[PDB]
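1. this one's experimental. Sequence and coordinates below.
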Amino acid sequence: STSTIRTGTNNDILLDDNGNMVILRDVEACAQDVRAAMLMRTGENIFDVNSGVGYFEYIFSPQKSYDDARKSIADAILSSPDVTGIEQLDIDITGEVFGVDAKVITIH
Amino acid sequence: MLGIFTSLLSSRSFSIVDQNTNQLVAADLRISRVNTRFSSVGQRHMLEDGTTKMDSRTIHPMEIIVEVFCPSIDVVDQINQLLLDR
Amino acid sequence: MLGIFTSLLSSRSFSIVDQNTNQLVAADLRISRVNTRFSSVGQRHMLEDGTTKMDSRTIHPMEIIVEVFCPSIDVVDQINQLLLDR
Amino acid sequence: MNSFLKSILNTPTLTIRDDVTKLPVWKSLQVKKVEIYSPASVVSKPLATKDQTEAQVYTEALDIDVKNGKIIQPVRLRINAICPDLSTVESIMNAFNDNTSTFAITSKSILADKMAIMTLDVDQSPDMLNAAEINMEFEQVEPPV
Amino acid sequence: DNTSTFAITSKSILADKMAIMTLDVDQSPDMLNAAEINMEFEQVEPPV
Amino acid sequence: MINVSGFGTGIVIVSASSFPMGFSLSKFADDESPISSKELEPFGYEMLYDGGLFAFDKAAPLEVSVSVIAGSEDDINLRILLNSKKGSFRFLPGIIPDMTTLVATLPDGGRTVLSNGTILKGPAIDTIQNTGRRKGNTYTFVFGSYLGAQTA
Amino acid sequence: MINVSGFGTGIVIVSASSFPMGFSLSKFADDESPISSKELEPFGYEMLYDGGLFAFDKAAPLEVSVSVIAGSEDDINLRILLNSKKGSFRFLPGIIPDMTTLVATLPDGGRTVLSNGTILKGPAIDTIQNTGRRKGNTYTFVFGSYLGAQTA
Amino acid sequence: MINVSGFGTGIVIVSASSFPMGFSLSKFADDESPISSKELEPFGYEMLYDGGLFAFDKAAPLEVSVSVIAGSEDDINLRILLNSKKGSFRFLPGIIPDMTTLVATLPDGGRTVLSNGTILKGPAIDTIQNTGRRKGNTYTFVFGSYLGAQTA
């Protein structure tokens, strides 16, 4: 029930050998949409303030609890047209990285 | 409860099924109680001689009450989504 | 309860003071418990989509419940007069 | 049993934040209990359907209609705490007497925004010679988006 | 069923033309292979 | 070497109205404990939902039991004290009828004063055991405030 | 050959207000248990319907009893601790006024430190027995922090 | 002749996350019972109003108490196992954090396997009793699964 234009590992329009801008159907459109949503940052979206992930205030800043990051990321995974619910969020923080894993449920 | 005789060892007691997609939701729920209640009301008319007659009976929806334990955080989100679903 | 730190030894607990003549009434009352209750009711409206909105909150008078011991007769009729006062 | 080794993602600290100021308040409390109630209303009438159409058309029905029959009511939150000092008590009572006060309460992992005090109790007894017992209730003002 | 009636016989008491009004079922760790029931009946019409 | 003897101790009991001048206790019984008391718990604690600890202050009384040889003068004096009914006479505001003071001296020399209290239970007739002797009469006090001065 | 002797044990208690530097205990009573505690309860369980089990965390306090000879200096110091009032001593709230930290040592050399707690109960005056001696006083603490100190 | 001795008994305890490889028990206490357990009641019964009998099946746990000599390596291992808070690490679904299995061998050769369980109770600090020695520390487990091969 959704669609989008395919993009590469860098968020540009990706064209086939025929050069056709392709309208991706569902599921992988949802994967591309959620990948773009989780990478959008807060305070970048004009006409919609308070939308995005607060990396610079919740993850990169020194923080006590780290439930705020989970809530913000779960919200950004939500608000997509197709996502129904979120099955698992882990938040590892092992090593110097901030490991995040997620599994989502869609209508299809 | 008698009836079925499985011979299967690892079976499943309680499960909520998504009737649209035949999918399990909140499968990781330890359960403490399950209560099932039925209810109906019979309309009675008070006669003249001294007796009392009933004409028909009405049935209301049943209610099921379950008490659970959530061993994680994902289960809590799943329960909240289960409630909010419309 | 923290806050004031006076270092006065013989201070005074619960006491009723007349607000007209700055006078104490039934000063010889042995108090046991004091319970203070606040109450308010918020009026809610049931919308169309499925949500529910709240528009305002109303506050009622608070109530205080005191349990005392009367060690004499003068305290008893002093309490009676305290109640009958209009 | 050390405590103060709070696990991440589930840190059991109660944080209450004023909605316009966005700064934590009443950080002097020692809470002992938290309760959350999330009710809803379900239709209780026999309802009717056509029941001879194609399967997927009827599957399209019995949806949308069920949406008309499940409407979510507000959220009720209860806590129990002991207040050690004074200034917190008068701050709470001042917030109570105002009609225009809202707060966001954060439990171990549950966020609830745009709340409002509805009930408040205070009890003093020989069981606590230098503190008081409190029983406050909150209720959500408007749903989130 | 709206049209169900039963006659219940106790030790010595006969009650004819009865009908179920309330029914309960409980499942607990006290009974791991049975269930507790709470049925209730009421007389439809008096005898002659 | 530490000296924990109890021989040579004394008790002086003063009552507000019944015994204005006070009387003394010297004949302590031998079958039951001469002076006994119950623990003092002026503190409590409660658990917080995160697992923490919170400690406050609590109102606590003090309880004392004394025993004497039956038939002595101390026994009759304490019987007189027990029969004193709080209904009679009067009191100053916030004082309690018959505010009794108890001064106990340790054999070393250190002493202790207790106030704001009264007698509240004891025997009424004597008990004769199967051996043919009489059980030691035991009476119980209660007090609101105390003190300690263990220098001499 | 395992040596479980208790000879040579020493204990130090430091206080936030009353005893900012701390004192030490070395005279331990004879009749009573010199030191003991109740079993810790940090876990729980319950039963399901599949027949299984469920385990979870739980809040747990820890209580310690210490006994000393009556008339000793340590008894006087612990008596002073018990006489402390929790209402007084102006301080920031929520930080358990007058925190008492206990440091205990074994004959082996192992050291354990316990903090985040206060004295809870103890006797108010001395107690006489039929034998003529004085009972050894007991004092109970409660702590909050299980500092895992079992150093060799 | 039947031999019912307990000398020569060993226990190997392995925990899911804290002790993946397991540790052994050899220094059992001498004042308190080394291995104890409570009765297992997986059945119940009810009475019908005619006087009949009805029997069903019920959920039942198993409890075991293990005592060790204080100050040994077994004591510190069990203390470490007790301090393991269940908040940390991660578990497979339907498994319980730290699913600990205990394999105890009878001196004859028979063995018993218990699993699906944790640790409940234990002493935080050592107890020095009247005689001057240290009490044998005791710990408790609860399990929910069964086995046993008493022929070898």
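-> Perfect, thanks for sending it. Numbers count the residues shown, from 1 in each chain, chains lettered A, B, ... in the order given.
2. mind naming the longest strand for chain D?
-> Secondary structure assigned by DSSP state E gives strand D:128-139 as the longest strand of chain D.
3. what strands line up against that one, and which way round?
-> strand D:76-83 (antiparallel), strand D:117-125 (antiparallel) (DSSP bridges).
4. and the shortest one, how far from the chain's centre?
-> Read it as strand D:76-83. Strand D:76-83 sits 10 Å away from the centroid of its parent chain (Cα atoms, centre = their mean, to the nearest Å).
5. which is the succeeding secondary structure element to the helix or strand containing residue D:96?
-> When elements are assigned from DSSP states H and E, residue D:96 belongs to helix D:87-97. Next helix or strand after helix D:87-97 toward the C-terminus (DSSP H and E): strand D:103-106.
6. phi first, then psi, for residue B:77.
-> According to degrees, to the nearest 10, the main-chain angles of residue B:77 amount to phi -60, psi -40.
7. my read is that it contacts residue A:77, right?
-> No: Residue B:77 is not in contact with residue A:77 according to Cβ atoms under 8 Å; the separation is 11.3 Å. No exception for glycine: its C-beta is placed from N, CA and C like everyone else's.
8. name the residues contacting each of these two.
-> Residues touching both residue B:77 and residue A:77 (Cβ atoms under 8 Å, 6 or more residues apart in numbering or on different chains) are residue A:86.
9. surely residue A:33 is in a strand?
-> No: counting by DSSP: H, G, I helix; E, B strand; the rest coil, residue A:33 falls outside a strand, being helix.
10. just how off-centre is the longest strand of chain D within its chain?
-> Distance, centroid of strand D:128-139 to centroid of chain: 17 Å (Cα atoms, centre = their mean).
11. and the angle for it with helix D:87-97?
-> Interaxial angle, strand D:128-139 versus helix D:87-97 (axes from the mean of the first three to the mean of the last three Cα atoms, to 10 degrees): 30 degrees.
12. what's around the residue nearest to residue F:45 when sequence neighbours are not counted, how many residues?
-> Nearest non-adjacent residue to residue F:45, counting by Cβ to Cβ, 6 or more residues apart in numbering or on different chains: residue F:55, 4.6 Å away. Residue F:55 has 21 neighbouring residues, counting by other Cβ atoms under 10 Å in any protein chain shown.
13. put the alpha carbons of stretch F:86-95 into PDB.
-> Provided in PDB are the C-alpha atoms of stretch F:86-95 (Å, rounded to 0.1, in the frame of the first residue of the first chain):
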ATOM      1  CA  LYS F  86      -6.300   8.300  87.900                       C
ATOM      2  CA  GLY F  87      -9.900   9.400  88.200                       C
ATOM      3  CA  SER F  88      -9.400  11.200  91.500                       C
ATOM      4  CA  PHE F  89      -7.500  14.500  91.900                       C
ATOM      5  CA  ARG F  90      -6.300  16.800  89.100                       C
ATOM      6  CA  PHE F  91      -3.200  17.700  87.100                       C
ATOM      7  CA  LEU F  92      -1.400  20.700  85.500                       C
ATOM      8  CA  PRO F  93      -1.900  21.000  81.700                       C
ATOM      9  CA  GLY F  94       0.100  18.500  79.700                       C
ATOM     10  CA  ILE F  95       1.500  16.700  82.700                       C
END
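14. tell me the centre residue of chain F?
-> residue F:64 (3.6 Å; Cα atoms, centre = their mean).
15. from what I see, that residue and residue F:37 are in contact.
-> Yes: with contact defined as Cβ under 8 Å, residue F:64 counts as touching residue F:37 (5.1 Å).
16. check which helix or strand the residue nearest to residue F:45 maps to.
-> Using DSSP H and E, residue F:55 sits in strand F:53-57.
17. what does that strand contact?
-> D:3, D:30, D:82, D:128-131, F:42-48, G:61, G:85-87, G:96, G:116-118, G:142-144.
18. so what does the following helix or strand past that strand touch, helix or strand wise?
-> Counting by DSSP H and E, the element after strand F:53-57 in chain order, helix or strand, is strand F:62-68. Helices and strands touching strand F:62-68, by 3 or more Cβ pairs under 8 Å, 6 or more residues apart in numbering or on different chains; DSSP states H and E, are strand F:35-37, helix F:73-83, strand F:111-121, strand F:137-145.
19. direction included, what does the shortest one pair against?
-> Here strand F:35-37 has these sheet partners by DSSP bridges: strand F:62-68 (antiparallel).
20. ditto for the last one
-> Next to strand F:137-145 in the sheet, as set by DSSP bridges, lie strand F:62-68 (antiparallel), strand F:111-121 (antiparallel).
21. what about these, which gets the closest to residue C:83?
-> Shortest distance between residue C:83 and the strands paired with strand F:137-145, using Cβ to Cβ, is found for strand F:111-121: 31.2 Å.
22. surely residue B:13 is in a strand?
-> No: Residue B:13: not assigned to a strand; according to three-state DSSP it is coil.
23. assign a three-state SS to the residue of chain D most remote from its centre, would you?
-> Most distant residue from the mean C-alpha position of chain D: residue D:52, 45.5 Å away (Cα atoms, centre = their mean). Assigned by three-state DSSP, the conformation of residue D:52 is coil.
24. what's the spacing between it and chain C?
-> 30 Å (Cβ to the nearest Cβ, to the nearest Å).
25. what about the helices in the chain?
-> You didn't pick a chain, so chain A it is. Assigned by DSSP state H, chain A shows helices spanning A:28-38, A:67-77.
26. sorry, should have said chain B
-> Applying DSSP H to chain B gives helices spanning B:74-84.
27. quick one: the strands in it, in order.
-> Going by DSSP E, chain B shows strands at B:17-18, B:23-24, B:30-46, B:52-59, B:63-69.
28. name the nearest residue to residue A:80, ignoring sequence neighbours.
-> residue A:33 (5.5 Å).
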